[PDB]
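Shown here is one chain on its own, the form deposited in one PDB entry, set out as structure tokens.
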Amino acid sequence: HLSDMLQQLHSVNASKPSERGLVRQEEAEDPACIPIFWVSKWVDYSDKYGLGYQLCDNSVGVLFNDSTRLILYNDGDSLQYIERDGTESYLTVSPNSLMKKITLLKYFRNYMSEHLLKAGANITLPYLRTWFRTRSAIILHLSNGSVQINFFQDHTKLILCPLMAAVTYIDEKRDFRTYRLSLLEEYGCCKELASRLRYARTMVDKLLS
């Protein structure tokens, strides 16, 4: 579904959506397309352990440096462990081979409950497949096909879902708006969103590379 979101981004970037006489972004908004999940907080500790993150439902997960993952549901007890090959195991916090990974999940659980800003905090199962950082953004790929790109300098964020063929844009003032990508070609959009959609394309290419 990376290839699907590639064709979706190419289709809108090819229409030059900011280069229109009278742009009308608002006609492309579709609340029904709003994503169920996104990343609300993250901590890059990949020099030692991996990357820890929270999802908007307050569940937490870690993508460990050995490409395994541990996910703790928002009931604080139910666990999922994901091996490198993708094998999924259902655990509870309460096997012994994972005691080291669980005690690191706890560090990240403690961190997320107390420390960072919740992206999308106003608004009311997948795991981090992979991620990377560039000089200007962190790029997060979830197992449900969503791709999230957070931009460091101005805190804007894109959430791309290839299933709804939609993009959610969170701007610097934290305005959360979701758009059908097909309708962005029709009605156009501002230069700031069109720039980030061009960036997303180079980032999905890299995800595909």
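All residue numbers refer to positions in the sequence shown, first residue = 1.
The same protein also has a form deposited with a small molecule bound, omitted here; what follows describes it.
Undergrad: Are all three residues 73, 81 and 102 in contact with the small molecule in the deposited bound form, where contact means a non-hydrogen atom within 4.5 Å?
TA: No, the whole trio is out of contact, none within 4.5 Å by any heavy atom.
Undergrad: Out of 179-187, 138-146, 65-73, 44-52, where are the residues with a heavy atom within 4.5 Å of the small molecule in the deposited bound form?
TA: Heavy-atom contact with the partner occurs in 44-52.
Undergrad: With a cut-off of 4.5 Å between heavy atoms, is residue 107 one of the residues that contacts the small molecule in the deposited bound form?
TA: Although the small molecule is absent here, residue 107 would touch it in the deposited bound form, with heavy atoms inside 4.5 Å.
Undergrad: Can any non-hydrogen atom of residue 132 be found within 4.5 angstroms of the small molecule in the deposited bound form?
TA: Residue 132: no, not in contact with the small molecule in the deposited bound form.
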